[PDB]
Amino acid sequence: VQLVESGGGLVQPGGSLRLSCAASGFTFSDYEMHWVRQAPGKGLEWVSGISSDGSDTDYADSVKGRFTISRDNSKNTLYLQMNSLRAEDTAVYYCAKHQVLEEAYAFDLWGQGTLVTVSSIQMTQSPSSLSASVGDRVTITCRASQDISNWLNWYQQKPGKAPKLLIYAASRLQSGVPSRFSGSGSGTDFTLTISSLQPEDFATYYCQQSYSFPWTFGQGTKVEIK
Amino acid sequence: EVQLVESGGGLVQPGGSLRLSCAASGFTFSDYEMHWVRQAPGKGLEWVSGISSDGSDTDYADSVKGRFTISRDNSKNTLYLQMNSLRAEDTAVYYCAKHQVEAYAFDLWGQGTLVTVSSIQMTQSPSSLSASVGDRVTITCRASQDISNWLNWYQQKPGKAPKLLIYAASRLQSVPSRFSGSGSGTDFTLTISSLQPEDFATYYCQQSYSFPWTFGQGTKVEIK
């Protein structure tokens with residue numbers, strides 16, 4: 001089971017690119033699919049989404065009228081037509097599957113991302129970065145600009161790696177993530193806690209509200225070494 | 001005239017692509033599982049990708065799934081690695097290696113090709129050490145799990161193909177008597193009884209017990 005993005009590259013301002021996202025191991029046609037991007041000044045930014053049958057589409061305001069999302073459910077392929085590209089569109093672009101997990105919605109499958117370079121409800125996380133050692137207890141906080149009940153997910157993004165779903169619905173651990181990771185909170189203040197930091201836990205962590213559209217992420221919390 | 005030769009490296013901006021090739025000669029390439037293994041200054045050795053003998057089954061490390069594609073042309077005795085959407089973290093020397101079986105080890109490597117872009121854990125100690133000719137050198141490896149004697153040691157000189165020294169914790173490859181391996185379970189030690197001048201090199205341990213195959217960060221043996 002994986003998603004594989006292709007089509008990135010270097011493009012002049014005002015240029016065009018077409019990204020494709022090839023899905024495998026699951027019934028692609030059954031799932032809402034989305035593009036999410038991260039610019040060199042990071043933080044995840046939802047770009048666009050499309051319903052399972054391809055009839056309903058959505059875009060972030062910053063890409064309206066320039067990007068077009070589509071899908072070929074017969075070839076398990078998602079597309080993003082990017083016209084009139086701008087310097088600010090420089091980013092890694094992720095393809096992601098939206099899943100109803102228990103009674104909640106999360107992006108539970110992501111691709112590794114493709115790089116686009118152009119040249120010739122608010123979520124607040126704290127801290128923005130922290131340095132720690134192996135064995136340390138790490139506390140990361142997310143505050144929501146509104147009550148969102150337990151409609152909150154946490155993602156882990158290792159350096160140079162695709163983001164990964166850690167916790168959904170504020171406290172529910174995703175399959176495979178170890179017990180040291182734990183989430184708590186409801187309403188407007190949420191906590192991700194790593195009970196004992198391991199070397200593979202050095203990463204950037206993102207919260208994301210799943211309560212009202214458009215989906216918004218926190219700016220990220222960088223967990224650095226030393 | 002048994003050898004592997006990698007080509008296709010170079011310098012690339014982030015997000016670019018390269019295609020590495022590994023040319024095999026002197027053995028029946030089509031019969032063997034083939035692998036790519038890479039080395040950055042920080043990580044030691046890191047297994048990247050493997051492909052079954054017939055080219056139909058492939059495997060990738062988590063750090064490169066979906067960006068790298070391994071394939072083989074068994075009619076031209078050639079392994080390939082297509083690297084798309086390259087990252088700074090992919091900067092490494094890339095080796096192609098043949099997997100060999102009693103025990104499982106990487107018994108043949110190429111000299112490597114350099115790419116610049118601009119879960120059982122093994123811990124080795126020391127990371128570097130200075131010694132003289134005639135010295136006894138003791139290198140230690142610890143596994144995050146019991147792995148009985150499923151543990152190999154490699155030697156790597158600058159710019160030369162890595163070399164299999166000891167497999168199954170204590171068994172010498174067809175390698176001088178001064179080299180000696182011991183340990184089982186979770187603690188292993190590599191011993192050079194009397195350092196020779198051609199013995200100044202970087203050494204790596206590797207567990208052959210559970211997939212994915214993992215290496216220690218390496219022990220650099222320097223002069224002084």
# chains A, B, ... in the order shown; residues from 1 in each chain; ligands from 1
$ select_by_dssp --residues "range 58-170 of chain B" --states "strand (DSSP E or B)" --output "PyMOL selection string"
chain B and resi 58-60+68-73+78-83+92-100+105-109+113-117+122-125+128-131+137-143+151-156+163-167
$ write_last_selection --atoms "C-alpha atoms" --output "PDB file, in the first residue's frame"
ATOM      1  CA  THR B  58      11.613  -5.613  -5.143  1.00  0.00           C
ATOM      2  CA  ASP B  59      12.127  -4.059  -1.717  1.00  0.00           C
ATOM      3  CA  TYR B  60      12.958  -0.529  -0.534  1.00  0.00           C
ATOM      4  CA  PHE B  68      13.795   5.028  -6.020  1.00  0.00           C
ATOM      5  CA  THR B  69      13.065   2.155  -8.403  1.00  0.00           C
ATOM      6  CA  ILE B  70      15.341  -0.833  -8.714  1.00  0.00           C
ATOM      7  CA  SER B  71      15.251  -3.033 -11.830  1.00  0.00           C
ATOM      8  CA  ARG B  72      17.562  -5.425 -13.649  1.00  0.00           C
ATOM      9  CA  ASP B  73      18.316  -6.479 -17.195  1.00  0.00           C
ATOM     10  CA  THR B  78      23.058  -5.043 -15.219  1.00  0.00           C
ATOM     11  CA  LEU B  79      21.336  -3.707 -12.111  1.00  0.00           C
ATOM     12  CA  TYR B  80      19.733  -0.254 -12.162  1.00  0.00           C
ATOM     13  CA  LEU B  81      18.601   2.325  -9.624  1.00  0.00           C
ATOM     14  CA  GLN B  82      16.374   5.148 -10.841  1.00  0.00           C
ATOM     15  CA  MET B  83      16.515   8.004  -8.327  1.00  0.00           C
ATOM     16  CA  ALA B  92      26.208   9.141  -0.367  1.00  0.00           C
ATOM     17  CA  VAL B  93      28.415   6.694  -2.122  1.00  0.00           C
ATOM     18  CA  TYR B  94      26.208   4.018  -3.657  1.00  0.00           C
ATOM     19  CA  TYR B  95      27.302   0.391  -3.843  1.00  0.00           C
ATOM     20  CA  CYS B  96      25.673  -2.527  -5.609  1.00  0.00           C
ATOM     21  CA  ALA B  97      26.126  -5.850  -3.811  1.00  0.00           C
ATOM     22  CA  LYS B  98      25.295  -9.521  -4.421  1.00  0.00           C
ATOM     23  CA  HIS B  99      23.483 -11.457  -1.677  1.00  0.00           C
ATOM     24  CA  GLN B 100      24.984 -14.880  -0.921  1.00  0.00           C
ATOM     25  CA  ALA B 105      25.923 -12.207   3.648  1.00  0.00           C
ATOM     26  CA  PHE B 106      26.896  -9.621   1.040  1.00  0.00           C
ATOM     27  CA  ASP B 107      29.941 -11.390  -0.390  1.00  0.00           C
ATOM     28  CA  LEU B 108      30.536  -9.162  -3.439  1.00  0.00           C
ATOM     29  CA  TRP B 109      30.460  -5.378  -3.760  1.00  0.00           C
ATOM     30  CA  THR B 113      29.698   5.637  -7.350  1.00  0.00           C
ATOM     31  CA  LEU B 114      29.285   9.014  -5.646  1.00  0.00           C
ATOM     32  CA  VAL B 115      26.019  10.982  -5.626  1.00  0.00           C
ATOM     33  CA  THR B 116      26.003  14.538  -4.288  1.00  0.00           C
ATOM     34  CA  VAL B 117      22.729  16.434  -4.028  1.00  0.00           C
ATOM     35  CA  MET B 122      23.399  -2.018  15.563  1.00  0.00           C
ATOM     36  CA  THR B 123      25.803   0.138  17.591  1.00  0.00           C
ATOM     37  CA  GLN B 124      29.574  -0.013  16.969  1.00  0.00           C
ATOM     38  CA  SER B 125      32.334   1.243  19.309  1.00  0.00           C
ATOM     39  CA  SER B 128      37.109   6.029  15.194  1.00  0.00           C
ATOM     40  CA  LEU B 129      40.422   5.127  16.783  1.00  0.00           C
ATOM     41  CA  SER B 130      44.099   5.780  16.148  1.00  0.00           C
ATOM     42  CA  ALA B 131      46.588   2.923  16.321  1.00  0.00           C
ATOM     43  CA  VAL B 137      42.578  -3.491  17.791  1.00  0.00           C
ATOM     44  CA  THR B 138      39.264  -4.400  19.426  1.00  0.00           C
ATOM     45  CA  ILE B 139      36.005  -3.333  17.788  1.00  0.00           C
ATOM     46  CA  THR B 140      32.651  -3.849  19.476  1.00  0.00           C
ATOM     47  CA  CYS B 141      29.151  -4.307  18.089  1.00  0.00           C
ATOM     48  CA  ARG B 142      25.894  -4.489  20.053  1.00  0.00           C
ATOM     49  CA  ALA B 143      22.519  -5.559  18.691  1.00  0.00           C
ATOM     50  CA  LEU B 151      26.253 -11.224  12.222  1.00  0.00           C
ATOM     51  CA  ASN B 152      28.880 -10.279   9.614  1.00  0.00           C
ATOM     52  CA  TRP B 153      31.825  -7.851   9.442  1.00  0.00           C
ATOM     53  CA  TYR B 154      32.996  -5.835   6.417  1.00  0.00           C
ATOM     54  CA  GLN B 155      36.235  -3.937   5.652  1.00  0.00           C
ATOM     55  CA  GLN B 156      36.202  -0.754   3.525  1.00  0.00           C
ATOM     56  CA  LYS B 163      34.977  -6.647   1.512  1.00  0.00           C
ATOM     57  CA  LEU B 164      33.376  -9.417   3.557  1.00  0.00           C
ATOM     58  CA  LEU B 165      35.752 -10.504   6.347  1.00  0.00           C
ATOM     59  CA  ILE B 166      33.778 -12.672   8.788  1.00  0.00           C
ATOM     60  CA  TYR B 167      30.301 -14.161   8.563  1.00  0.00           C
TER      61      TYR B 167
END
$ interface_residues --of "chain A" --to "chain B" --cutoff "9 Å" --atoms "only C-alpha atoms" --output "list in words"
residues 2, 3, 4, 5, 6, 8, 9, 10, 111, 112, 113, 114, 115, 116, 117, 159, 160, 161 and 162 of chain A
$ residues_around --residues "range 182-197 of chain A" --least-positions-apart "3" --cutoff "12 Å" --atoms "only C-alpha atoms" --output "PDB file with C-alpha atoms, in the first residue's frame"
ATOM      1  CA  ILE A 121      -9.466  27.920  11.952  1.00  0.00           C
ATOM      2  CA  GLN A 122      -5.866  28.678  12.928  1.00  0.00           C
ATOM      3  CA  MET A 123      -3.691  26.063  14.607  1.00  0.00           C
ATOM      4  CA  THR A 124      -0.854  27.242  16.863  1.00  0.00           C
ATOM      5  CA  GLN A 125       1.821  24.806  18.009  1.00  0.00           C
ATOM      6  CA  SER A 126       4.344  25.348  20.812  1.00  0.00           C
ATOM      7  CA  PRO A 127       7.179  25.060  20.963  1.00  0.00           C
ATOM      8  CA  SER A 131      16.436  20.397  21.303  1.00  0.00           C
ATOM      9  CA  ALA A 132      16.397  17.200  23.382  1.00  0.00           C
ATOM     10  CA  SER A 133      18.300  13.983  24.046  1.00  0.00           C
ATOM     11  CA  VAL A 134      17.422  10.314  23.846  1.00  0.00           C
ATOM     12  CA  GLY A 135      15.387   9.264  26.870  1.00  0.00           C
ATOM     13  CA  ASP A 136      13.815  12.692  27.358  1.00  0.00           C
ATOM     14  CA  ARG A 137      10.112  13.307  27.814  1.00  0.00           C
ATOM     15  CA  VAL A 138       8.841  15.650  25.075  1.00  0.00           C
ATOM     16  CA  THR A 139       5.635  17.692  25.418  1.00  0.00           C
ATOM     17  CA  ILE A 140       4.209  19.435  22.330  1.00  0.00           C
ATOM     18  CA  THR A 141       1.141  21.638  22.504  1.00  0.00           C
ATOM     19  CA  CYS A 142      -1.473  22.624  19.952  1.00  0.00           C
ATOM     20  CA  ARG A 143      -4.049  25.335  20.541  1.00  0.00           C
ATOM     21  CA  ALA A 144      -7.098  25.781  18.339  1.00  0.00           C
ATOM     22  CA  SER A 145      -8.658  29.090  17.318  1.00  0.00           C
ATOM     23  CA  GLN A 146     -12.077  27.599  18.173  1.00  0.00           C
ATOM     24  CA  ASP A 147     -13.548  24.654  20.001  1.00  0.00           C
ATOM     25  CA  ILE A 148     -13.065  21.587  17.814  1.00  0.00           C
ATOM     26  CA  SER A 149     -13.924  18.848  20.357  1.00  0.00           C
ATOM     27  CA  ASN A 150     -11.541  15.899  19.742  1.00  0.00           C
ATOM     28  CA  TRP A 151     -11.346  16.571  15.975  1.00  0.00           C
ATOM     29  CA  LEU A 152      -7.575  16.813  15.882  1.00  0.00           C
ATOM     30  CA  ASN A 153      -4.813  14.718  14.350  1.00  0.00           C
ATOM     31  CA  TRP A 154      -1.059  14.570  14.769  1.00  0.00           C
ATOM     32  CA  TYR A 155       1.457  13.831  12.034  1.00  0.00           C
ATOM     33  CA  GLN A 156       5.167  13.037  12.200  1.00  0.00           C
ATOM     34  CA  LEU A 166       0.512   9.324  14.481  1.00  0.00           C
ATOM     35  CA  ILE A 167      -2.738  10.052  16.345  1.00  0.00           C
ATOM     36  CA  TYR A 168      -6.290  10.717  15.243  1.00  0.00           C
ATOM     37  CA  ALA A 169      -9.252  12.021  17.220  1.00  0.00           C
ATOM     38  CA  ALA A 170      -6.974  13.735  19.747  1.00  0.00           C
ATOM     39  CA  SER A 171      -6.041  10.542  21.598  1.00  0.00           C
ATOM     40  CA  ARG A 172      -6.390   7.433  19.403  1.00  0.00           C
ATOM     41  CA  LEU A 173      -3.070   5.900  18.376  1.00  0.00           C
ATOM     42  CA  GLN A 174      -2.754   4.814  14.779  1.00  0.00           C
ATOM     43  CA  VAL A 177       2.977   3.699  16.323  1.00  0.00           C
ATOM     44  CA  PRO A 178       4.516   2.646  19.672  1.00  0.00           C
ATOM     45  CA  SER A 179       3.119   3.248  23.147  1.00  0.00           C
ATOM     46  CA  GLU A 200      14.063   7.720  15.132  1.00  0.00           C
ATOM     47  CA  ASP A 201      11.743  10.266  16.817  1.00  0.00           C
ATOM     48  CA  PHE A 202      13.814  13.276  15.762  1.00  0.00           C
ATOM     49  CA  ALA A 203      11.298  14.829  13.389  1.00  0.00           C
ATOM     50  CA  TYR A 205       5.314  17.185  14.261  1.00  0.00           C
ATOM     51  CA  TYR A 206       2.114  18.765  12.939  1.00  0.00           C
ATOM     52  CA  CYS A 207      -1.348  19.067  14.409  1.00  0.00           C
ATOM     53  CA  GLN A 208      -4.334  19.313  12.063  1.00  0.00           C
ATOM     54  CA  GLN A 209      -7.983  20.131  12.759  1.00  0.00           C
ATOM     55  CA  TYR A 211     -13.614  19.762  12.386  1.00  0.00           C
ATOM     56  CA  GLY A 218      -0.168  23.834  12.770  1.00  0.00           C
ATOM     57  CA  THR A 221       7.267  21.620  15.976  1.00  0.00           C
ATOM     58  CA  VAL A 223      12.524  18.157  17.508  1.00  0.00           C
ATOM     59  CA  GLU A 224      16.277  18.648  17.062  1.00  0.00           C
ATOM     60  CA  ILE A 225      19.267  16.811  18.539  1.00  0.00           C
TER      61      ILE A 225
END
$ residues_around --residues "residue 86 in chain A" --least-positions-apart "2" --cutoff "7 Å" --atoms "only C-alpha atoms" --output "NGL selection string"
:A and (13-14 or 84 or 88-89 or 118)
$ residues_around --residues "range 45-54 of chain B" --least-positions-apart "6" --cutoff "6 Å" --atoms "only C-alpha atoms" --output "CSV table (one decimal) with N, CA, C and O atoms, in the first residue's frame"
chain,number,residue,atom,x,y,z
B,30,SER,N,22.0,-13.6,-13.1
B,30,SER,CA,20.5,-13.9,-13.1
B,30,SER,C,20.1,-14.8,-12.0
B,30,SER,O,18.9,-14.7,-11.6
B,31,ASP,N,21.0,-15.5,-11.4
B,31,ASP,CA,20.7,-16.4,-10.3
B,31,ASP,C,20.6,-15.7,-8.9
B,31,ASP,O,20.2,-16.4,-8.0
B,32,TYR,N,21.0,-14.5,-8.8
B,32,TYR,CA,21.3,-13.9,-7.5
B,32,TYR,C,20.3,-12.7,-7.2
B,32,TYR,O,20.1,-11.9,-8.1
B,33,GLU,N,19.8,-12.7,-6.0
B,33,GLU,CA,19.2,-11.5,-5.4
B,33,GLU,C,20.3,-10.4,-5.4
B,33,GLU,O,21.5,-10.6,-5.0
B,34,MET,N,20.0,-9.2,-5.9
B,34,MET,CA,20.9,-8.1,-6.0
B,34,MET,C,20.4,-6.9,-5.2
B,34,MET,O,19.2,-6.6,-5.1
B,35,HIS,N,21.3,-6.1,-4.7
B,35,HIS,CA,21.0,-5.0,-3.7
B,35,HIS,C,21.8,-3.7,-4.0
B,35,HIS,O,22.9,-3.8,-4.6
B,36,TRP,N,21.2,-2.6,-3.6
B,36,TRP,CA,22.0,-1.4,-3.5
B,36,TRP,C,22.1,-1.0,-2.0
B,36,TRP,O,21.2,-1.1,-1.2
B,37,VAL,N,23.4,-0.6,-1.6
B,37,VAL,CA,23.7,-0.2,-0.3
B,37,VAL,C,24.5,1.1,-0.4
B,37,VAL,O,25.4,1.2,-1.2
B,38,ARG,N,24.1,2.1,0.5
B,38,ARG,CA,24.7,3.4,0.4
B,38,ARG,C,25.4,3.8,1.7
B,38,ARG,O,25.1,3.3,2.7
B,39,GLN,N,26.3,4.8,1.6
B,39,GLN,CA,27.1,5.3,2.7
B,39,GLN,C,27.3,6.8,2.7
B,39,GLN,O,27.9,7.3,1.8
B,60,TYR,N,12.4,-1.8,-0.7
B,60,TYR,CA,13.0,-0.5,-0.5
B,60,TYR,C,13.0,-0.1,0.9
B,60,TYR,O,12.1,-0.5,1.7
B,61,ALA,N,14.0,0.6,1.3
B,61,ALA,CA,14.1,1.2,2.7
B,61,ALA,C,13.0,2.3,2.8
B,61,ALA,O,12.6,2.9,1.8
B,215,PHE,N,23.2,-2.1,9.5
B,215,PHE,CA,24.6,-2.0,9.7
B,215,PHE,C,24.9,-1.1,10.9
B,215,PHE,O,24.1,-0.3,11.3
$ residues_around --residues "residue 30 in chain A" --least-positions-apart "5" --cutoff "12 Å" --atoms "only C-alpha atoms" --output "PyMOL selection string"
chain A and resi 23+50-54+73-74+76+97-100
$ write_last_selection --atoms "C-alpha atoms" --output "compact mmCIF listing (two decimals), in the first residue's frame"
# COMPACT_ATOMS: atom_id res chain seq x y z
CA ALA A 23 -2.05 4.61 -5.89
CA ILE A 50 -11.42 15.69 -4.85
CA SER A 51 -14.24 13.32 -3.91
CA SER A 52 -13.96 9.61 -4.57
CA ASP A 53 -15.98 9.66 -7.84
CA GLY A 54 -14.30 12.85 -9.12
CA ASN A 73 -10.42 5.95 -11.17
CA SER A 74 -9.72 3.34 -13.84
CA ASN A 76 -5.74 4.62 -9.81
CA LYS A 97 -5.76 9.69 1.16
CA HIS A 98 -8.61 10.92 3.38
CA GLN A 99 -9.97 8.16 5.61
CA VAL A 100 -12.89 7.77 8.01
$ atom_distance --atom1 "CA of residue 183 in chain B" --atom2 "CA of residue 207 in chain B"
12.6 Å
$ closest_residue --among "A:164, A:109, A:215, A:175" --to "residue 58 in chain A" --atoms "only C-alpha atoms"
A:215
$ closest_residue --among "B:210, B:132, B:170, B:194" --to "residue 222 in chain B" --atoms "only C-alpha atoms"
B:132
$ decode --residues "range 57-69 of chain A" --atoms "N, CA and C atoms" --output "PDB file, in the first residue's frame"
ATOM      1  N   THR A  57     -14.728  18.993  -6.322  1.00  0.00           N
ATOM      2  CA  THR A  57     -13.356  19.462  -6.194  1.00  0.00           C
ATOM      3  C   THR A  57     -13.313  20.690  -5.290  1.00  0.00           C
ATOM      4  N   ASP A  58     -12.164  20.890  -4.652  1.00  0.00           N
ATOM      5  CA  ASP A  58     -11.938  22.015  -3.748  1.00  0.00           C
ATOM      6  C   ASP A  58     -10.505  22.494  -3.873  1.00  0.00           C
ATOM      7  N   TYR A  59     -10.301  23.793  -3.651  1.00  0.00           N
ATOM      8  CA  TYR A  59      -8.975  24.387  -3.779  1.00  0.00           C
ATOM      9  C   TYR A  59      -8.717  25.393  -2.663  1.00  0.00           C
ATOM     10  N   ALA A  60      -7.457  25.485  -2.236  1.00  0.00           N
ATOM     11  CA  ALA A  60      -7.070  26.617  -1.399  1.00  0.00           C
ATOM     12  C   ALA A  60      -7.179  27.910  -2.202  1.00  0.00           C
ATOM     13  N   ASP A  61      -7.503  28.999  -1.504  1.00  0.00           N
ATOM     14  CA  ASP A  61      -7.693  30.291  -2.159  1.00  0.00           C
ATOM     15  C   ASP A  61      -6.471  30.714  -2.978  1.00  0.00           C
ATOM     16  N   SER A  62      -5.266  30.376  -2.511  1.00  0.00           N
ATOM     17  CA  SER A  62      -4.021  30.839  -3.130  1.00  0.00           C
ATOM     18  C   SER A  62      -3.733  30.171  -4.465  1.00  0.00           C
ATOM     19  N   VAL A  63      -4.477  29.123  -4.820  1.00  0.00           N
ATOM     20  CA  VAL A  63      -4.272  28.386  -6.060  1.00  0.00           C
ATOM     21  C   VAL A  63      -5.524  28.343  -6.924  1.00  0.00           C
ATOM     22  N   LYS A  64      -6.615  28.973  -6.487  1.00  0.00           N
ATOM     23  CA  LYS A  64      -7.847  29.004  -7.267  1.00  0.00           C
ATOM     24  C   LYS A  64      -7.600  29.586  -8.653  1.00  0.00           C
ATOM     25  N   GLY A  65      -8.210  28.968  -9.665  1.00  0.00           N
ATOM     26  CA  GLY A  65      -8.107  29.455 -11.024  1.00  0.00           C
ATOM     27  C   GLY A  65      -6.812  29.115 -11.721  1.00  0.00           C
ATOM     28  N   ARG A  66      -5.846  28.544 -11.013  1.00  0.00           N
ATOM     29  CA  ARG A  66      -4.561  28.185 -11.597  1.00  0.00           C
ATOM     30  C   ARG A  66      -4.290  26.688 -11.571  1.00  0.00           C
ATOM     31  N   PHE A  67      -4.696  26.005 -10.503  1.00  0.00           N
ATOM     32  CA  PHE A  67      -4.536  24.568 -10.351  1.00  0.00           C
ATOM     33  C   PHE A  67      -5.862  23.891 -10.641  1.00  0.00           C
ATOM     34  N   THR A  68      -5.778  22.677 -11.167  1.00  0.00           N
ATOM     35  CA  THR A  68      -6.962  21.867 -11.419  1.00  0.00           C
ATOM     36  C   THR A  68      -6.664  20.448 -10.985  1.00  0.00           C
ATOM     37  N   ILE A  69      -7.489  19.897 -10.101  1.00  0.00           N
ATOM     38  CA  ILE A  69      -7.339  18.512  -9.654  1.00  0.00           C
ATOM     39  C   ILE A  69      -8.329  17.626 -10.410  1.00  0.00           C
TER      40      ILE A  69
END
